[PDB]
Amino acid sequence: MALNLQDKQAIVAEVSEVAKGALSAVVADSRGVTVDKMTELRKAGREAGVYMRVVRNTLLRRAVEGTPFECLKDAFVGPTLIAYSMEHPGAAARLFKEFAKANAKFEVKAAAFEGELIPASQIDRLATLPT
Amino acid sequence: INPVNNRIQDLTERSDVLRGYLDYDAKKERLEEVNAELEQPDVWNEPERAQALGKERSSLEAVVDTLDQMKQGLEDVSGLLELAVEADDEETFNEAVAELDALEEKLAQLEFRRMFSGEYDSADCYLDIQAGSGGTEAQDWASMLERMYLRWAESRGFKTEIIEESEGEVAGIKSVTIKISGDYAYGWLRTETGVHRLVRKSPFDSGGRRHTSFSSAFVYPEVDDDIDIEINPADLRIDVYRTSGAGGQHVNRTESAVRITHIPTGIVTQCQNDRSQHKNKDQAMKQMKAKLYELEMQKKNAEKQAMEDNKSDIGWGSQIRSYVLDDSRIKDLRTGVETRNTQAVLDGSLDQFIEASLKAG
Amino acid sequence: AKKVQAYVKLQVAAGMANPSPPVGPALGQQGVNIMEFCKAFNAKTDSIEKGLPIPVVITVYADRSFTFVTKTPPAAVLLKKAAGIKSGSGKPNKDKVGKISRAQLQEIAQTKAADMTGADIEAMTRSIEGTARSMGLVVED
Amino acid sequence: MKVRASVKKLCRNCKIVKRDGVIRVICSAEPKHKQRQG
RNA sequence: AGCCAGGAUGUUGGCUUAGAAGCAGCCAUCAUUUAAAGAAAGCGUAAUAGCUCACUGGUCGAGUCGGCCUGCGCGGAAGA
Ligand SMILES: [Mg+2]
Ligand SMILES: [Zn+2]
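One line per chain: the protein sequences are 10, Z, 11 and 34, in this order.
Counting in the deposited numbering, the first sequence runs from 1 upward without gaps.
Counting in the deposited numbering, the second sequence runs from 4 upward without gaps.
Counting in the deposited numbering, the third sequence runs from 1 upward without gaps.
Counting in the deposited numbering, the fourth sequence runs from 1 upward without gaps.
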């Protein structure tokens, strides 16, 4: 890796994601198998590819560094592997109900996923949001 | 009217001969036998057999499938030409020329396969011709046969190098050795080894008295500088000595022979290229191993390679040619191909006997 | 029932099935009947071009149920058919084959991502061109 | 086990040990790497 | 440094008219998705079932990894 030089550019790209995004939703691949990988890669390359980066750099000085600009309450979601995913084309899109559907498809073991508080909601999966 | 179709007729009948060579029935019978034995559940349990069963398979698949490729291919080329003549499509005339030739290029692929060129048949070789008995009559036949072979390879383009030439006494040699540099040079010459009979009215006796002279020729290849099995020590013997006279423009301007023997089994080779003794003995031991190499291949034929022990030793290809000059009848005793042109085959028109020897060799 | 019991991938041909001769070892070690495997591909290959190289994916269930899935032909052989020159690369940039236009590459990459996965047609084109430069194939636009 | 005056890590799993002063070289992989002395 | 996982799709890997699902020969050595993945570290090999190192995250949450200049020691060191 490198020093702050390379360490910030990944965060700056997250700064580029919070420029116009809303409803960050997260997952947890702490134990993720081959098919848990095969899903999260083949879906990520074919769904949108822009916001579905698995940014699991969830240290309390690394992911907290991702959010000093939009919803600083997201600094609470440091531990228990967290990989943010906002939605760029659709503000508060289907990717809140989709990951819950991903957990209802194959992702049984991802036991730390909650989704972030951009629209001020967590753990309990929701459907009254525009999918 | 199309002479190309007259060649399609010629190639098809030749294809019937190409099928007549390989026993095309038994080709398809044996190929299915390799198939049935691979169904066997112990293919992975018999590893060495599995690589071998695939080897028996792959060697025939390059032949049987090609034989079937020539089958369905020729029937379409039989279609593409007749459709072209009856419809006058200029490109179809142009394409059928390439369609016929490629089948011949497959016949050419079978040509080397029918020749079954293995070990050193695609390599250069050496000649070895010995004179018989009876004074001058034998050495003339040594000469006239050798200088026929020398004029032979020049027409075919093979480079010739007299490794050694030992003149007998009066116009002829007693032994000679010539290097024939060329592609498949051993392949066009291997089958010529044996004794060659000469029958003529001798010019040496008053009156007449048709004399029968004998002389043999031996063709051994180049063994790729090393066989990978060196049987060198083997009671080695060096004898390097001066030769006849270097008179005027005598052979190679060397007169420095290197007589080397291989005492067990009695193999004798010699070299007369250069003055450098260390250079000639290096080159002579190369052909000594090659002459020892042909001895190793004859032993396989002596057991069960290509003799077919049925009643007795089926072979003895010693008398392979008969050259009757005063009757103008050259007969090969291995195929029966005859020719009524002495001076043509004394110039080197030996292709008729090569194909005759290609059949049984 | 469940996911897989015997997972393989075979069939280097498009119209030639032949259970026992080339596939025979990979059938008996996988619990596969020969004629069933001989006809299951024939139950699929009639609609697609035959004689070409098209692979397969086999999954076996615990109740002996064979589900077969076809894939796309490889890059090295389809481009060998797109160029028509049966050659590879003995030496990297010494044994050269022939040129392929990006327009020829565009139809391929859109088809290679039709049976397989990718994100961008040009990114798949670079992957093909990546394998193309790896096969001693000269590539043009 | 192999005995030599000069011992070294031949693999990646083999480690160094100073059993009773005597420098040894245990190995979890092929037992052909067990060394002594050195 | 461990404890948990990925190590994938790529071109089933292409050519010397033997075969190469990360591994005998010759080769490349460009990608895609990229938290990151070399046709590569070792074996199971007719390419048969896989487990791991590269590199990368989660937890614990402090120092640690080697090289160099050198003092004093160990092994190498078995005879009547
Ligand atoms: Mg000391
Ligand atoms: Zn070791």
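All C-beta atoms, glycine included, are put in the ideal place defined by N, C-alpha and C.
Taking a cut-off of 8 Å on C-beta distances, the region 56-68 of chain 11 does not touch the region 110-128 of chain 11, as fewer than three cross pairs fall below it. Each residue's CA atom was taken as its position, placing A13 (chain 10) and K86 (chain 11) some 46 Å apart. Close partners of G130 (chain 11) in chain 10 (Cβ separation under 7 Å) are lacking, with about 17 Å as the shortest Cβ gap. With contacts defined by Cβ atoms closer than 8 Å, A26 (chain 11) and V12 (chain 11) do not form a contacting pair.
Rounded to the nearest angstrom, the gap between the Cα atoms of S121 (chain 10) and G115 (chain 10) is 7 Å. Around the beta carbon of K112 (chain 11), a 10 Å sphere encloses 16 or more other beta carbons of the protein chains shown; the residue is thus reported as buried. Put simply, the CB of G15 (chain 11) is far from chain Z, with every gap to its CB atoms at 8 Å or more. Across the region 99-125 of chain 11, CB contacts with chain 10 closer than 8 Å involve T117, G118 and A119, in sequence order along the chain. In the DSSP assignment, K18 (chain 34) falls within the unbroken beta strand (DSSP E) covering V17 to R19. In this structure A87 (chain Z) touches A99 (chain Z) by the C-beta definition: roughly 5 Å separates them, less than 8 Å.
Contact between the region 152-172 of chain Z and the region 294-301 of chain Z is absent: fewer than three C-beta pairs spanning the two stretches fall below 8 Å. A residue is listed when its beta-carbon falls short of 7 Å from at least one non-hydrogen atom of ligand 2; in chain order these are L10 (chain 34), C11 (chain 34), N13 (chain 34), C14 (chain 34), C27 (chain 34), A29 (chain 34), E30 (chain 34) and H33 (chain 34). With respect to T139 (chain Z), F207 (chain Z) sits close: the two C-beta atoms are nearer than 8 Å.
Identification of residues in the region 35-52 of chain 10 having a C-beta nearer than 7 Å to some C-beta of chain 11 yields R42, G45, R46 and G49, given in sequence order.
About 4 Å separates the CB atoms of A91 (chain 10) and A22 (chain 10); that is less than 8 Å, so the two are in contact.
With contacts defined as CB atoms closer than 8 Å, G135 (chain Z) and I323 (chain Z) fail to qualify as a contacting pair. According to the DSSP assignment, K294 (chain Z) belongs to no beta strand (DSSP E) but to the alpha helix (DSSP H) extending over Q280 to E306. Taking 8 Å as the cut-off, the beta carbon of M52 (chain 10) is found closer than this to the beta carbon of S85 (chain 10). When beta bridges are read from the DSSP output, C128 (chain Z) appears opposite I183 (chain Z) and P224 (chain Z). Rounded to whole angstroms, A14 (chain 11) and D13 (chain Z) show a C-alpha spacing of 36 Å. Annotated three-state conformation of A188 (chain Z) is coil, per DSSP. Remark: C-beta atoms of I183 (chain Z) and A145 (chain Z) do not approach each other more closely than 8 Å.
Note: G197 (chain Z) is bridge-paired with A220 (chain Z) in the DSSP secondary-structure output. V46 (chain Z) reaches chain 11 at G24 and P25, counting residues in chain order whose Cβ is nearer than 8 Å. Of all residues in the region 30-46 of chain Z, only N38, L41, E42, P44 and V46 come within less than 7 Å of chain 11 when Cβ atoms are compared, listed by chain position.
When C-beta atoms of the region 121-134 of chain Z are compared with those of the region 209-229 of chain Z, three or more pairs fall below 8 Å, so the two segments count as touching. Under the criterion of beta carbons closer than 8 Å, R154 (chain Z) and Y326 (chain Z) do not qualify as touching, at roughly 15 Å. Annotation: Cβ neighbours of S20 (chain 11) in chain Z (cutoff 8 Å, chain order): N38, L41 and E42. Beta-bridge analysis with DSSP links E36 (chain Z) to no other residue. Cβ contact annotation for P53 (chain 11) (same chain, cutoff 6 Å, sequence separation greater than five): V12, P73 and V77, in chain order. By the Cβ-count criterion, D45 (chain Z) is exposed, with fewer than 16 other Cβ atoms from all chains shown falling within 10 Å of its own Cβ. In the three-state reduction of the DSSP assignment, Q6 (chain 10) falls in the helix class. Judged by DSSP secondary structure, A6 (chain 11) falls outside any alpha helix (DSSP H) and instead within the beta strand (DSSP E) spanning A6 to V8.
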